[PDB]
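One structure is given here, and the rest of the page talks about it.
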Amino acid sequence: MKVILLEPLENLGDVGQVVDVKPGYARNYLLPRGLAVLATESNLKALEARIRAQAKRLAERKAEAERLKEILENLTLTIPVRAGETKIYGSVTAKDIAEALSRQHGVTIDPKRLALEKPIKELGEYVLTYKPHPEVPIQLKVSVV
Amino acid sequence: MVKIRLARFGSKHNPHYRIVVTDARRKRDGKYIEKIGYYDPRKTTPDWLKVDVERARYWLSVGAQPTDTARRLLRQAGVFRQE
RNA sequence: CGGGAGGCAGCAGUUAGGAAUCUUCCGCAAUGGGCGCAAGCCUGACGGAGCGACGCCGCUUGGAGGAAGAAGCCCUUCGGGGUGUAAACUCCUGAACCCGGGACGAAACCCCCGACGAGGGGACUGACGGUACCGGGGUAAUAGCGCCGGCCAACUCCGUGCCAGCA
């Protein structure tokens with residue numbers, strides 16, 4: 001008796017799994033408790049259709065992390081802080097780094113998917129990273145004026 | 001001039017005022033002349049407002065401006081009302 | 001080259017000193033203040049957020065079984081004794097995270113009836129914040145410091161030899 005799963009369980013689990021059981025088991029537990037459905041081709045083909053959708057649909061927003069790595073991974077920022085020497089008077093949070101970058105080139109960024117703890121407050125040279133999954137570290141230059 | 005208005009008490013995120021008569025030049029929560037009521041603007045009780053209406057009448061009778069947001073509340077306990 | 005400019009013991013910040021003491025943040029929505037008949041304008045006061053076990057309070061790193069008692073290490077009268085139900089292992093609960101929904105604080109000023117009054121009715125407005133909190137799903141998931149001669153609660157082995165050290 002071929003059936004497709006939902007909630008994973010013991011000795012038969014992961015959703016989409018297609019497994020054979022004894023009809024009694026199917027008819028009096030799984031199907032009624034809603035822990036499976038019949039392996040009809042009716043459903044069996046609509047399962048492949050759920051995968052072929054979600055699976056490749058998700059590699060759109062993986063190829064879209066690279067459609068934005070291939071542009072900022074190299075490009076430089078340069079930030080005009082009013083400092084004195086090595087130390088700065090104010091700081092430089094993301095609300096600026098994400099911001100400046102947007103109006104310096106036209107690029108929107110989440111100030112949250114960065115890679116920053118403390119807000120710099122220190123003149124020099126850095127390159128922090130970005131997110132999600134496989135990543136893009138953006139390149140930034142502090143300054144004076 | 002001399003006034004009727006609200007002075008914070010309570011805690012953070014727990015507003016809790018006392019209706020009170022005072023010189024305007026005082027600091028918000030400073031020394032006041034006299035207490036006449038209290039008021040919980042979260043109404044977390046059957047008593048979320050009280051007023052010695054008797055007295056409220058006195059201070060008005062001898063010249064005293066209440067705040068906008070104070071006036072509301074003395075009206076709402078019928079101090080102005082004349083039958 | 002005749003003369004000019006400045007006074008953070010206001011908010012935040014730099015420097016110096018020192019054992020040592022924070023953000024160049026958000027908002028006038030709430031309260032309070034100034035001017036204005038009013039609409040409203042200003043308010044680093046205030047209402048909030050950020051940083052620090054600095055303190056007080058609450059909460060977690062698991063619950064129930066489980067050997068006449070694994071190994072490892074320590075003692076030993078070499079029979080054993082100790083860590084110790086502790087662990088392994090078995091079920092059962094489900095901090096974090098995940099998806100959804102999401103405030104109270106805000107009813108006045110102002111507009112209509114009455115009279116711009118007493119009284120009645122009607123509308124705008126939330127920085128914190130998609131944050132608390134509610135509902136569904138959901139992984140066994142940080143421990144360290146001080147002391148064990150008497151005062152003073154907790155003893156045995158080795159090392160050391162008025163040295164090294166403790167107080």
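Naming scheme: A, B, ... for chains in displayed order of the structure tokens; residues 1 onward per chain; ligands 1 onward as shown.
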
Could the residues of chain C that have an atom at most 10 Å from chain A be listed as a tab-separated table, each with its closest atom pair and the distance in Å to one decimal, counting only C-alpha atoms (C1' of nucleotides) and ordered by chain and ascending residue number?
residue	atom	partner	partner_atom	distance
C:12	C1'	A:90	CA	9.5
C:13	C1'	A:89	CA	5.9
C:14	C1'	A:89	CA	6.5
C:23	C1'	A:90	CA	9.1
C:24	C1'	A:90	CA	4.5
C:51	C1'	A:118	CA	9.9

Write out as an mmCIF file with C-alpha atoms, in the first residue's frame all residues of region 19-97 of chain A that DSSP puts in helix (DSSP H, G or I) for this structure's backbone.
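part35.cif written:
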data_model
loop_
_atom_site.group_PDB
_atom_site.id
_atom_site.type_symbol
_atom_site.label_atom_id
_atom_site.label_comp_id
_atom_site.auth_asym_id
_atom_site.auth_seq_id
_atom_site.Cartn_x
_atom_site.Cartn_y
_atom_site.Cartn_z
ATOM 1 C CA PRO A 23 -3.857 -1.459 4.265
ATOM 2 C CA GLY A 24 -5.272 -1.711 7.742
ATOM 3 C CA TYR A 25 -2.611 0.722 8.992
ATOM 4 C CA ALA A 26 -3.369 3.249 6.233
ATOM 5 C CA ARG A 27 -7.159 3.009 6.436
ATOM 6 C CA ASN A 28 -7.572 3.176 10.243
ATOM 7 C CA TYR A 29 -4.860 5.601 11.423
ATOM 8 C CA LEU A 30 -2.811 7.509 8.895
ATOM 9 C CA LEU A 31 -5.545 8.626 6.503
ATOM 10 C CA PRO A 32 -7.935 9.421 9.364
ATOM 11 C CA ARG A 33 -5.379 11.119 11.648
ATOM 12 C CA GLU A 41 -1.226 9.399 -9.516
ATOM 13 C CA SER A 42 -3.791 12.166 -9.051
ATOM 14 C CA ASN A 43 -1.714 13.245 -5.970
ATOM 15 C CA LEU A 44 1.628 11.643 -6.989
ATOM 16 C CA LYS A 45 1.957 14.093 -9.929
ATOM 17 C CA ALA A 46 0.813 17.183 -7.932
ATOM 18 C CA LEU A 47 3.656 16.337 -5.427
ATOM 19 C CA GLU A 48 6.302 16.526 -8.154
ATOM 20 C CA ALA A 49 4.568 19.835 -9.093
ATOM 21 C CA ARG A 50 4.933 21.150 -5.518
ATOM 22 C CA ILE A 51 8.736 20.336 -5.711
ATOM 23 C CA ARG A 52 9.540 21.548 -9.254
ATOM 24 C CA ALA A 53 7.869 24.872 -8.144
ATOM 25 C CA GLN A 54 9.361 25.565 -4.699
ATOM 26 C CA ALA A 55 12.746 23.944 -5.496
ATOM 27 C CA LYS A 56 13.664 26.106 -8.505
ATOM 28 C CA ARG A 57 11.594 29.057 -7.346
ATOM 29 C CA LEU A 58 14.049 29.170 -4.335
ATOM 30 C CA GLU A 60 15.867 32.465 -7.905
ATOM 31 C CA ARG A 61 16.653 34.092 -4.537
ATOM 32 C CA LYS A 62 20.022 32.362 -4.521
ATOM 33 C CA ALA A 63 20.959 33.601 -7.982
ATOM 34 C CA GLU A 64 19.709 37.070 -6.675
ATOM 35 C CA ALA A 65 22.368 37.186 -3.896
ATOM 36 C CA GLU A 66 24.862 36.807 -6.725
ATOM 37 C CA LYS A 69 27.489 40.269 -5.151
ATOM 38 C CA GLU A 70 28.750 40.847 -8.729
ATOM 39 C CA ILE A 71 28.540 44.634 -8.203
ATOM 40 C CA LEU A 72 29.356 45.590 -4.595
ATOM 41 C CA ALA A 94 24.691 50.974 9.584
ATOM 42 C CA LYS A 95 21.812 53.436 9.338
ATOM 43 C CA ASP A 96 24.545 55.470 7.616
ATOM 44 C CA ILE A 97 26.436 52.712 5.812
#

Taking only residues of region 87-160 of chain C that have an atom at most 12 Å from an atom of region 75-82 of chain B, what is each one's shortest atom pair and its distance in Å to one decimal, using only C-alpha atoms (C1' of nucleotides), in chain and number order, as a Markdown table?
| residue | atom | partner | partner_atom | distance |
| --- | --- | --- | --- | --- |
| C:107 | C1' | B:76 | CA | 11.8 |
| C:108 | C1' | B:75 | CA | 11.7 |
| C:117 | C1' | B:80 | CA | 10.2 |
| C:118 | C1' | B:81 | CA | 5.4 |
| C:119 | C1' | B:81 | CA | 7.9 |

Using only C-alpha atoms (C1' of nucleotides), select each residue of chain B with any atom at most 10 Å away from an atom of chain C, and give the selection as a compact mmCIF listing (two decimals) with N, CA and C atoms, in the first residue's frame.
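Produced file part_32.txt, reproduced below:
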# COMPACT_ATOMS: atom_id res chain seq x y z
N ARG B 5 -3.31 71.52 37.36
CA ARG B 5 -2.74 70.66 36.31
C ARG B 5 -2.21 69.31 36.83
N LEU B 6 -1.55 68.56 35.95
CA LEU B 6 -1.16 67.18 36.22
C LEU B 6 0.32 66.95 36.45
N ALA B 7 0.63 66.26 37.55
CA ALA B 7 2.01 65.94 37.93
C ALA B 7 2.27 64.44 37.88
N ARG B 8 3.21 63.99 37.07
CA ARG B 8 3.47 62.56 36.96
C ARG B 8 3.94 61.92 38.27
N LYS B 12 7.78 54.06 34.90
CA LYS B 12 7.91 54.04 33.43
C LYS B 12 6.81 53.21 32.85
N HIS B 13 6.22 53.66 31.77
CA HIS B 13 5.08 52.97 31.19
C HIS B 13 3.96 52.74 32.22
N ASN B 14 3.94 53.51 33.29
CA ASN B 14 2.85 53.41 34.25
C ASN B 14 2.43 54.82 34.64
N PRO B 15 1.94 55.62 33.67
CA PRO B 15 1.51 56.99 34.02
C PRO B 15 0.47 56.96 35.14
N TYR B 17 -1.14 60.28 37.50
CA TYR B 17 -1.00 61.69 37.88
C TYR B 17 -1.78 62.04 39.12
N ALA B 24 2.68 78.32 38.14
CA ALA B 24 3.09 77.85 36.82
C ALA B 24 4.60 77.79 36.65
N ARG B 25 5.30 78.63 37.42
CA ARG B 25 6.74 78.75 37.27
C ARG B 25 7.45 77.58 37.93
N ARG B 26 6.74 76.87 38.82
CA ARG B 26 7.26 75.63 39.42
C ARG B 26 7.73 74.67 38.36
N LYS B 27 8.53 73.69 38.77
CA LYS B 27 8.90 72.60 37.90
C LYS B 27 7.72 71.63 37.91
N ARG B 28 7.62 70.79 36.87
CA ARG B 28 6.39 69.97 36.64
C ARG B 28 5.90 69.26 37.93
N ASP B 29 6.83 68.53 38.55
CA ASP B 29 6.53 67.59 39.63
C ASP B 29 6.92 68.11 41.00
N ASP B 40 -5.80 57.81 36.92
CA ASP B 40 -5.14 56.77 36.14
C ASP B 40 -5.63 56.79 34.68
N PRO B 41 -4.83 57.32 33.76
CA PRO B 41 -5.22 57.30 32.34
C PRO B 41 -5.13 55.92 31.66
N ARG B 42 -4.92 54.85 32.41
CA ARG B 42 -5.01 53.49 31.86
C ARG B 42 -6.29 52.78 32.36
N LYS B 43 -7.01 53.49 33.23
CA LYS B 43 -8.25 53.05 33.85
C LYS B 43 -8.19 51.61 34.38
N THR B 44 -7.06 51.22 34.97
CA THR B 44 -6.87 49.84 35.44
C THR B 44 -7.52 49.61 36.81
N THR B 67 -5.26 73.64 33.15
CA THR B 67 -4.84 73.22 31.80
C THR B 67 -6.03 72.78 30.96
N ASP B 68 -5.86 72.82 29.64
CA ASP B 68 -6.78 72.13 28.74
C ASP B 68 -7.08 70.70 29.22
N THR B 69 -6.05 69.86 29.22
CA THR B 69 -6.21 68.42 29.53
C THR B 69 -6.62 68.17 31.01
N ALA B 70 -6.57 69.21 31.83
CA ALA B 70 -7.04 69.09 33.19
C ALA B 70 -8.51 69.42 33.22
N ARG B 71 -8.87 70.50 32.53
CA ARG B 71 -10.25 70.99 32.55
C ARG B 71 -11.26 69.88 32.24
N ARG B 72 -11.09 69.25 31.06
CA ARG B 72 -11.72 67.98 30.75
C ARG B 72 -12.18 67.22 32.01
N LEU B 73 -11.20 66.81 32.81
CA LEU B 73 -11.43 65.91 33.94
C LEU B 73 -12.23 66.49 35.10
N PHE B 80 -18.27 72.31 36.99
CA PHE B 80 -18.80 73.50 36.34
C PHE B 80 -20.33 73.52 36.39
N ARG B 81 -20.95 72.43 35.92
CA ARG B 81 -22.40 72.19 36.01
C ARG B 81 -23.16 72.99 37.09
N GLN B 82 -24.26 73.63 36.70
CA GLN B 82 -25.03 74.47 37.62
C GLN B 82 -26.52 74.06 37.63
N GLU B 83 -26.77 72.85 38.15
CA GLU B 83 -28.09 72.19 38.13
C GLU B 83 -28.41 71.70 36.72

Would you work out the distance separating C1' of residue 68 (chain C) from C1' of residue 88 (chain C), expressed in Å to one decimal?
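One can read the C1' of residue 68 (chain C) to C1' of residue 88 (chain C) distance as 19.2 Å.
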
Applying 10 Å and only C-alpha atoms (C1' of nucleotides), which residues near residue 105 (chain A) remain after dropping the ones on its own chain fewer than 3 positions away? List them as JSON, numbers by chain.
{"A": [75, 77, 100, 101, 102, 108]}

Go ahead and write the selection's residues with N, CA, C and O atoms as a compact mmCIF listing (two decimals), in the first residue's frame.
# COMPACT_ATOMS: atom_id res chain seq x y z
N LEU A 75 33.08 47.35 -5.66
CA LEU A 75 32.82 48.79 -5.58
C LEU A 75 33.13 49.43 -4.21
O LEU A 75 32.84 48.83 -3.17
N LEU A 77 33.18 52.65 -1.18
CA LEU A 77 32.21 53.55 -0.56
C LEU A 77 32.76 54.97 -0.28
O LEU A 77 32.32 55.94 -0.89
N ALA A 100 24.20 55.86 3.13
CA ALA A 100 25.16 56.55 2.27
C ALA A 100 25.27 55.85 0.95
O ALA A 100 25.22 56.47 -0.12
N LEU A 101 25.43 54.53 1.04
CA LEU A 101 25.64 53.68 -0.11
C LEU A 101 24.48 53.77 -1.09
O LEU A 101 24.68 53.73 -2.31
N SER A 102 23.27 53.91 -0.54
CA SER A 102 22.06 54.03 -1.36
C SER A 102 22.05 55.31 -2.17
O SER A 102 21.69 55.29 -3.34
N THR A 108 19.86 49.66 -2.30
CA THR A 108 19.21 49.51 -1.00
C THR A 108 19.78 48.31 -0.26
O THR A 108 20.13 47.30 -0.85

Expected answer as a ChimeraX atom specification: strand (DSSP E or B) residues in chain B:
/B:2-8,11,14,17-23,34-39,50-51,65-66

Which residues are close to residue 3 (chain A), i.e. within 6 Å by only C-alpha atoms (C1' of nucleotides), leaving aside same-chain residues fewer than 4 positions away? Reply as an MDAnalysis selection string.
chainID A and resid 18:19 37:39

Using only C-alpha atoms (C1' of nucleotides), which residues sit within 9 Å of residue 63 (chain B) once same-chain residues fewer than 2 positions away are excluded, as a PDB file with C-alpha atoms, in the first residue's frame?
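Everything below was put into selection17.pdb:
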ATOM      1  CA  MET B   1      -0.191  82.700  37.513  1.00  0.00           C
ATOM      2  CA  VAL B   2      -1.527  80.002  39.877  1.00  0.00           C
ATOM      3  CA  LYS B   3      -2.811  76.810  38.256  1.00  0.00           C
ATOM      4  CA  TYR B  58     -12.505  77.523  45.640  1.00  0.00           C
ATOM      5  CA  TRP B  59      -9.358  77.791  43.544  1.00  0.00           C
ATOM      6  CA  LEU B  60     -11.375  78.793  40.481  1.00  0.00           C
ATOM      7  CA  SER B  61     -13.338  81.298  42.575  1.00  0.00           C
ATOM      8  CA  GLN B  65      -6.389  78.610  35.198  1.00  0.00           C
TER       9      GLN B  65
END

To one decimal in Å, tell me the separation between CA of residue 19 (chain B) and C1' of residue 120 (chain C).
26.3 Å

Residue 139 (chain A): which residues within 10 Å, counting only C-alpha atoms (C1' of nucleotides), same-chain residues fewer than 3 positions away excluded, as number ranges by chain?
A: 72-78, 125-129, 136

Go ahead and compute the interatomic distance for CA of residue 4 (chain B) and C1' of residue 126 (chain C), in Å to one decimal.
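It comes out at 25.8 Å.
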